[PDB]
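Descriptive analysis of the structure
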Amino acid sequence: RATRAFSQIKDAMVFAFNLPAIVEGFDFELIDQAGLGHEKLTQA
Amino acid sequence: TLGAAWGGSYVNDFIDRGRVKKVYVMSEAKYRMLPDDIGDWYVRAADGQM
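Residues numbered from 1 in each chain as written, not as in the entry; some residues may be left out. Chains lettered and ligands numbered in written order. Part of a larger assembly, values for the part shown. Heavy atoms only, no water. Residues with missing side-chain atoms left out of burial classes, pairs and counts.

The record names X-ray crystallography as the way this model was obtained, at a resolution of 3.30 Å.

1. Quick word on the pairing of strand β1 (residues 9–15) of chain B
In summary, the side chains of a regular strand alternate between the two faces of the sheet. All names here are of chain B. The pairing of β1 with strand β2 (residues 20–25) spans 6 bridges and is antiparallel. Note that in β2 the partner of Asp13 across the bridge is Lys22. The antiparallel hairpin formed by β1 and β2 contains 4 residues in its connecting segment, where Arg17 sits at a positive phi of about 45°. (Pairing = 2+ DSSP bridges. Helix = DSSP H or I, 4+ residues; strand = E, 2+ residues; numbered from the N terminus.)

2. Considering the packing of aromatic side chains
The geometry of an aromatic ring pair is captured by the separation of the ring centres together with the interplanar angle, meaning the angle of the planes. On inspection of all chains with the given rule, the structure shows 1 aromatic pair over all chains. It is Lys22 of chain B that lies over the ring of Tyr10 of chain B; its NZ or CZ is 5.8 Å from the centre. (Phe/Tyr/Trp six-rings, centres within 6.5 Å; stacked < 30°, edge-to-face > 60°. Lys NZ or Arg CZ within 6 Å of the ring centre and 35° of its normal.)

3. Points about the environment of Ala4 of chain B
All names here are of chain B. Counting through the fold element by element, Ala4 comes out in helix α1 (residues 2–6). Sequence spacing of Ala4 and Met26 is 22 residues, and the spatial spacing of their C-alpha atoms is 5.4 Å. In contact with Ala4, other than residues within four places in its own chain, are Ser9, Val25, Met26 and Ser27. (Contact = heavy atoms within 4.5 Å.)

Following this line, the structure appears as structure tokens:
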């Protein structure tokens, strides 16, 4: 419900959640190996 | 002057293609290869004179 309401707020990313049963899906990285520089990795 | 010319001196760091590396100042080889080359180096005194 909370999220549902907060979605109404323009000009912001607001959402609410529970922290998972582990107090301490994926996470994919993208490495600049050959030293191409920030705007090129942006593009990548 | 002695040290930087003859030993080389680590000034500060620069970025080379996204990666930090050293900046070294030091004499060209020919100007530090021999004992008589020692005299060839000038230092500026307080009256602006070499």
